[PDB]
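In order, the protein sequence lines correspond to chains r, G, W, V, T and C.
In case it helps, the entry's author numbering puts the first sequence at residues 1 to 73, 90 to 112.
In case it helps, the entry's author numbering puts the second sequence at residues 7 to 123.
In case it helps, the entry's author numbering puts the third sequence at residues 17 to 130.
In case it helps, the entry's author numbering puts the fourth sequence at residues 4 to 115.
In case it helps, the entry's author numbering puts the fifth sequence at residues 11 to 82.
In case it helps, the entry's author numbering puts the sixth sequence at residues 7 to 213.
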Amino acid sequence: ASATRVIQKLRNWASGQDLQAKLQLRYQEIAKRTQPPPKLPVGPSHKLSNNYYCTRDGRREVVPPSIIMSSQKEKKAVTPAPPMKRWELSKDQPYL
Amino acid sequence: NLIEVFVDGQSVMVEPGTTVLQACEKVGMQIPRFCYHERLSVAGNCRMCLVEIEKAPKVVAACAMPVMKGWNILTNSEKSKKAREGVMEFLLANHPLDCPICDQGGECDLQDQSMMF
Amino acid sequence: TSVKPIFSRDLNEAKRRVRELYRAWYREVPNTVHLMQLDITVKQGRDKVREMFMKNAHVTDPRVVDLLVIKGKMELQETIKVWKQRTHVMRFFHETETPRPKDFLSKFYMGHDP
Amino acid sequence: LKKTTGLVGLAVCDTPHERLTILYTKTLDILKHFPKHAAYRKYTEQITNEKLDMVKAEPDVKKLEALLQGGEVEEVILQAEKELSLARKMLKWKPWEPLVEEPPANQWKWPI
Amino acid sequence: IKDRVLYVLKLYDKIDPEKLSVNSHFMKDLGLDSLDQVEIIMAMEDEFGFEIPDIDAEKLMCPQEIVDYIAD
Amino acid sequence: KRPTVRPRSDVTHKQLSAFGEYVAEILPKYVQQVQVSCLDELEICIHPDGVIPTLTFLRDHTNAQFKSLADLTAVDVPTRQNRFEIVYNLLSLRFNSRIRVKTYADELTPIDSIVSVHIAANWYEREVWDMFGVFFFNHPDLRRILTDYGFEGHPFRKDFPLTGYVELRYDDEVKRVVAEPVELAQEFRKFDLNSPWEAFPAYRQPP
Ligand code: SF4
Ligand code: FES
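Right under this line is the structure:
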């Protein structure tokens, strides 16, 4: 930014765009360091009641699988899951 | 002479003068323990060995209670897990924070039972 | 007993393949010690070959023999289509290793191996 | 109308519905070789029957496609050819037969 | 023929200590191994610009039949 | 609902179960131990004598279109006769789904390849043969890909240790880069971690 008006004009004619508005370097366009000591929140699990773990066990709701056609233990044509819904173009720039 | 039990539906044959805990062992499900050691006498101080007894409302202590024919036991049920949660909250109320210093750091039955149950 | 075979049915077919492979290695070695500027003699190379063969002579299973054959063929491909180098090929001779003393007293005086 | 598909390795097919009738009729004519107690027949029969009904009920591709709800017509044709080959191969194999050889017991047991 | 065959044998490393006759049995009269035998047959094939399958190469455990084959 | 738990839905656990019954009744042979996991996945165990039939079926049959072999893998469990577990993770687009095929195998019991169908396996099979020791027929090029061109053994098993048997170093005495036996400096600490107290009373195993 410390540079000259004519050089600004020249580089801008060369490129095609503007640069003083979208520079890459950083002239006080940042957030100051030495930020203040913050205070934080907690989750919905820091209550005092109705927080019994048995409700939200998490890794005990798991249950082993449900086997089918083991070796010891009319109809329609089906699939593993419904098909894929075809996509559509965008509202902004579908071409390029 | 034998006696019958139906744990979680699963059936078991045992002797009299027996204990809920020795039955659950015969089956495999380990029951918690603080005041029990097969090579000692028995008491009911800790109060972490609690379970649920279908057809009867009140919980019991599986380190002292002798099993009565026909009882369906329930170990991992609601009342049991809640009893254990409360009991360990109580214990750890005052157990100081010397886990690091405590030479019994990685073998602490209480550490493990808190982390799990 | 009642099992499934691999590439063969008996020690004899296993051994005909093995002999083909011996022919390959024997007819090959010179090309190696001539392409990669080695030092050892063709005779020493063939000695190593026949030794690596003899050291699997307590074998009975055609499956084992055939897997060993497959691995030997892989290595032969690797060699003749030169990918292994001087190092890759001389890694056999234990050229930087004191022959493990089998003299019980040697083992005693030196270390703890029984 | 059109100029291309949107993929690579495909073609602007100008003779649809005809290749489709051909391929589906041939599938069924092969299925004729299959014992009725083979589920592959018992299923793909009706699948192809419904596909034929759909091509006959919709003559324009730009709607037949979205109706089949599968890929584009060329993908459909390719997949039908693939099912044809699959049939010719399951005919040499005897899958509908019972099981080959049950495994040992502690094989599918996880944990361990 | 036989002359250059016996010369090859005399040349071979661990063979021809005393005998390289035309009739001997390699694995029986000389008490040798299939590996060494294959070495012999490879030497012969390279002498004669010839090719052999391992099958008949092992069938020919007898110098007489060996020279019969190289004649054939 | 609770914040710290995913939703265990029904749509998938039902659709994939229907598809499992489907494939089972189609291939009463070359199949055993179908199953659906508690987390919306399908596994299909099969004899090694049905691999290519199963794969061709799943690639071609319209209702499956399991085209892309997203992965091929091995696993080793030594407490059984057939100790290796070969795994194929497959993907289909039209139906936006995945699937898992398993087949047991063993050292000294090779397998039938699939290169005719999914050319991706041409290299996963090389990996397998290099690392574990499982063999594949009808494979054009099968050679050590990852490890050295002279390496010997089968590392990704559970017996071939971590550190390995040999180390390398240069020895000016010969100027080469030779391989000598492992004499480490520090020892591989092995921390005993498995805690006794059972946490999962549902995956238990009685005597
Ligand atoms: S490790 Fe266990 S015994 Fe030691 S201080 Fe912690 S809770 Fe107490
Ligand atoms: S184990 Fe202590 S009260 Fe039962």
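A virtual CB, placed ideally from N, CA and C, is assigned to each residue, including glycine.
Interface flag, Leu-75(C) vs chain r, CB-CB below 8 Å
As a working mapping, residue 75(C) is identified with position 69 in the sixth sequence. Output row for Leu-75(C): interface = no.
Contact test: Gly-170(C) Cβ vs the ligand SF4 heavy atom, cutoff 7 Å:
By 1-based counting over the sixth sequence, the position of residue 170(C) is 164. No, the beta carbon of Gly-170(C) sits no closer than 7 Å to any heavy atom of the ligand SF4.
Once DSSP output is grouped into helix, strand and coil, what is the label at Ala-73(W)?
Position 57 of the third sequence, counted from the start, is the residue given in the question as residue 73(W). It is coil, neither helix nor strand.
If you draw a straight line from the alpha carbon of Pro-62(V) to that of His-20(V), how long is it in whole angstroms?
Start at 1 with the first residue of the fourth sequence, and residue 62(V) comes out as number 59. Start at 1 with the first residue of the fourth sequence, and residue 20(V) comes out as number 17. Their backbone Cα atoms lie some 8 Å apart in a straight line.
Same chain, Cβ closer than 7 Å to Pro-84(C), five either side skipped, listed in chain order
As a first step, residue 84(C) is located in the sixth sequence; it is residue number 78 there, counting from the start. Excluding residues within five positions, the ones whose Cβ falls inside 7 Å are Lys-164.
Neighbour list for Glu-31(C) in chain V, Cβ cutoff strictly below 8 Å:
The residue given as residue 31(C) occupies position 25 in the sixth sequence. Those within 8 Å of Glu-31(C) in chain V are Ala-42.
Given the structure, does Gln-119(G) come close to the ligand SF4, in the sense that its CB is under 7 Å from one of the ligand's heavy atoms?
Within the second sequence, numbered from 1, the residue matching residue 119(G) stands at position 113. No, the ligand SF4 has no heavy atom inside 7 Å of this Cβ.
Whose C-alpha, out of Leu-71(V), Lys-29(V), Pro-98(V) and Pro-107(V), is nearest the C-alpha of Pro-59(C)?
One-based indexing of the sixth sequence puts residue 59(C) at position 53. Of the listed residues, the one whose Cα sits closest to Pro-59(C) is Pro-98(V).
Contact set between the stretch 17–50 of chain W and chain T, restricted to residues whose Cβ is under 8 Å from the partner
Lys-31, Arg-32, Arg-35, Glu-36, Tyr-38, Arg-39, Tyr-42 and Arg-43
Expected contact under 8 Å - CB spacing of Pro-106(V) and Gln-38(C) to nearest Å
Position 103 of the fourth sequence, counted from the first residue, corresponds to residue 106(V). Position 32 of the sixth sequence, counted from the first residue, corresponds to residue 38(C). The Cβ separation is near 7 Å, so the contact holds.
Going by the beta-carbon positions, is the gap between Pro-34(C) and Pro-101(V) smaller than 8 Å?
Your numbering for residue 34(C) matches position 28 in the sixth sequence. Your numbering for residue 101(V) matches position 98 in the fourth sequence. Yes.
Contact check, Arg-66(W) vs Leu-45(T), beta carbons under 8 Å
Mapped onto the third sequence, residue 66(W) falls at position 50. Mapped onto the fifth sequence, residue 45(T) falls at position 35. A contact, by the Cβ cut-off of 8 Å.
Can you tell me the Cα-Cα spacing of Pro-146(C) and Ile-125(C), whole angstroms?
Taking the sixth sequence and counting its residues from 1, the one referred to as residue 146(C) is at position 140. Taking the sixth sequence and counting its residues from 1, the one referred to as residue 125(C) is at position 119. Those two C-alpha atoms are separated by around 12 Å.
Contact list for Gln-82(V) against chain r, beta-carbon separation under 7 Å
Counted from its first residue, the fourth sequence places residue 82(V) at position 79. Residues of chain r passing the Cβ test: none, with the nearest at roughly 13 Å.
Can you confirm whether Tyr-155(C), when its beta carbon is compared against all beta carbons of chain W, has any partner nearer than 8 Å?
The count along the sixth sequence starts at 1 and reaches residue 155(C) at position 149. At least one chain W Cβ lies under 8 Å of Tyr-155(C).
Return yes when the C-beta of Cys-108(G) is under 7 Å from any heavy atom of the ligand SF4, and no when it is not.
Start at 1 with the first residue of the second sequence, and residue 108(G) comes out as number 102. For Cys-108(G), the Cβ falls inside the 7 Å cut-off from some heavy atom of the ligand SF4.
Beta-carbon neighbours of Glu-105(V), restricted to chain r and to distances below 9 Å:
As a first step, residue 105(V) is located in the fourth sequence; it is residue number 102 there, counting from the start. Under the 9 Å cutoff, chain r gives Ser-71 and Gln-72.
Between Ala-185(C) and the rest of its own chain, which residues show a CB-CB distance below 6 Å, the 5 nearest in sequence each way excluded?
Translated into positions along the sixth sequence, residue 185(C) becomes position 179. Only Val-172 and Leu-174 meet the Cβ criterion.
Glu-84(G) at chain r interface by Cβ criterion, 8 Å:
Here residue 84(G) is taken as the residue at index 78 of the second sequence, counted from 1. Among the CB atoms of chain r, one or more fall inside 8 Å of the CB of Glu-84(G).
Status (buried if at least 16 other CB within 10 Å, exposed otherwise) for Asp-104(G):
In the second sequence, counting from the first residue as 1, residue 104(G) sits at position 98. Here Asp-104(G) is exposed: its Cβ has fewer than 16 other Cβ atoms, across all protein chains shown, within 10 Å.
Could you please give me the residues that DSSP links to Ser-23(C) through a beta bridge?
Here residue 23(C) corresponds to residue number 17 of the sixth sequence, with the count starting at 1. DSSP output for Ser-23(C) lists no bridge partner at all.
In chain order, what residues of the stretch 16–49 of chain G put their CB closer than 8 Å to some CB of chain C?
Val-33, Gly-34, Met-35 and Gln-36
Which residues does DSSP list as the beta-bridge partners of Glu-58(G)?
The count along the second sequence starts at 1 and reaches residue 58(G) at position 52. According to DSSP, residue pairing for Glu-58(G) in a beta bridge involves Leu-80(G).
Quick check for students: name the residue ranges of the beta strand (DSSP E) that lie wholly in the stretch 73–153 of chain C, counting only runs of 3 or more.
At a cut-off of 3 residues, the continuous stretches assigned as beta strand (DSSP E) that sit fully inside the stretch 73–153 of chain C are 74–82, 90–98 and 103–111.
Residue-level contact to chain r via CB, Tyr-46(V), 8 Å cutoff:
Looking up residue 46(V) in the fourth sequence gives position 43. It does: the Cβ of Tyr-46(V) has a partner Cβ on chain r nearer than 8 Å.
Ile-67(r) - containing beta strand (DSSP E), residue span:
By one-based count along the first sequence, residue 67(r) stands at place 67. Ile-67(r) -> beta strand (DSSP E) spans 66–68.
Within the same chain, show all residues whose beta-carbon is closer than 8 Å to that of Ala-3(r), passing over the 5 residues directly before and after it, in chain order.
Working through the first sequence from its first residue, we reach residue 3(r) at position 3. Result list for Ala-3(r): empty, nothing under 8 Å.
Would you mind stating whether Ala-70(G) and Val-48(G) have Cβ atoms separated by less than 8 Å?
Counting from 1 along the second sequence, the entry for residue 70(G) is found at position 64. Counting from 1 along the second sequence, the entry for residue 48(G) is found at position 42. A Cβ-Cβ contact shorter than 8 Å links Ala-70(G) with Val-48(G).
Does the beta-carbon of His-36(V) have 16 or more other beta-carbons within 10 angstroms, so that it is buried, or is it exposed?
For the purposes of this step, residue 36(V) is taken as residue 33 along the fourth sequence, with counting starting at 1. Answer is exposed; the Cβ neighbour count stays below 16.
Please look up how many angstroms separate the CB atoms of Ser-43(C) and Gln-71(C), rounded, as I've assumed it's under 8 Å.
Here residue 43(C) refers to the residue found at position 37 of the sixth sequence. Here residue 71(C) refers to the residue found at position 65 of the sixth sequence. At roughly 22 Å, the Cβ-Cβ gap does not stay under 8 Å, so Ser-43(C) and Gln-71(C) are not in contact.
How far does the beta strand (DSSP E) with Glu-10(G) in it extend, from its first residue to its last?
Indexing the second sequence from 1 puts residue 10(G) at position 4. It spans 9–13 - the beta strand (DSSP E) in which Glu-10(G) sits, taken as one unbroken run.
Answer yes or no: does any C-beta atom of chain V fall closer than 8 Å to that of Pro-34(C)?
On the sixth sequence, residue 34(C) is found 28 positions in, with the first residue counted as 1. It does: the Cβ of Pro-34(C) has a partner Cβ on chain V nearer than 8 Å.
Skipping 5 residues on each side, what residues in its chain have a beta carbon closer than 8 Å to that of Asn-51(G)?
As a first step, residue 51(G) is located in the second sequence; it is residue number 45 there, counting from the start. So the qualifying residues of the chain are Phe-40 and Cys-41.
Helix, strand or coil for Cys-51(C) per DSSP?
The residue given as residue 51(C) occupies position 45 in the sixth sequence. When DSSP states are grouped into helix, strand and coil, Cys-51(C) belongs to the strand group.
Suppose you measure from the CA of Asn-12(r) to the CA of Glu-29(r); what does that come to, to the nearest Å?
Taking the first residue of the first sequence as 1, we reach residue 12(r) at position 12. Taking the first residue of the first sequence as 1, we reach residue 29(r) at position 29. Rounded to the nearest whole angstrom, the C-alpha separation of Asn-12(r) and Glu-29(r) is 22 Å.
Nearer than 7 Å: is that true of the beta carbon of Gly-156(C) relative to any heavy atom of the ligand SF4?
In the sixth sequence, counting from the first residue as 1, residue 156(C) sits at position 150. Every heavy atom of the ligand SF4 is 7 Å or more from the Cβ of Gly-156(C), so no.
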